[PDB]
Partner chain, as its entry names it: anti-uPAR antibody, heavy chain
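The chain that follows stands alone, in the form solved without its partner chain, written as structure tokens.
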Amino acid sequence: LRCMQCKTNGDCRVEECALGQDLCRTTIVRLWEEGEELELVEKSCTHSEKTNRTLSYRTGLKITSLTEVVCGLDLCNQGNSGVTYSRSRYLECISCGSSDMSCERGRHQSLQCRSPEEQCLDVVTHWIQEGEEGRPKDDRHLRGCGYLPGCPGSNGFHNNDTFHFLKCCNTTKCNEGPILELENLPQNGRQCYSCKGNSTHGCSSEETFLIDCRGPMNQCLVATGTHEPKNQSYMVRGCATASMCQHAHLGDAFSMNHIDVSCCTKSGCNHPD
């Protein structure tokens, strides 16, 4: 597997598409603001459990449109995006996001999707604080049009210091209403253990303690997998939905590959033992 490697500044080359990993991908960000607009394109190798996906949302005067396409052939990210592909406008959803607080200050807006497959989405991405020296720069609330991986319906995980959530629904404006805050959803009754980091220091018995699960996240979960700048071993424990215990939905959450996720029902069943 070889791929096109392309920085947003447009400088490109060919990479013998990494080791083990084998998909090339293209990712496009379209920043659109009244008349004017701008397009960033990235291409490169990537791991196998990546897939085709969209997300699009309004912040004030502007709309942002993420999209990432995925194939698996020695050079196939090669060539242009994809007359009229928007011959129409489809589902209508509410949309806003944290970058201008449109979400947080209830300044929600109507946004129509550009394709027949897109649904309305509410994604939540919360982090206690530091890891590198500030951590991911995901907007904390984002809602709008899209088709994200493992979508129909919902999924979520939280633990001592993180909370991620995807609602993803096919009905008209089915994404509206007040923005979730976790500390804000009911305790469901389950207790589960919680940690991040390595099995020794990070996720050791002495460092792993119970938390009260909330909302529909009522399975205790253990995930092990391999982190980015290719530091192996990363483990995570917490409260999740059954949806999370199915598929590598935790992958994209925690910037992790090649991942096993055990899960269980009875409270506390979650311990390193």
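Note that the rigid core is defined as the largest set of C-alphas that superpose within 1.5 Å between two forms. Positions refer to the first chain, counted from 1. Shifts are known only where both forms have a C-alpha.
Not pictured, yet referred to below: the form solved in complex with its partner chain.
In the deposited bound form, its partner chain sits within 4.5 Å of a heavy atom of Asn218. Residue contact with its partner chain in the deposited bound form: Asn184 places a heavy atom within 4.5 Å of it. None of the heavy atoms of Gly106 is located within 4.5 Å of its partner chain in the deposited bound form. Taking the partner from the other structure, its partner chain in the deposited bound form has a heavy atom within 4.5 Å of a heavy atom of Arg190. Core aligned; the single run of 3 or more residues with all CA shifts at 2 Å or more between the shown form and the other one is 17-20.
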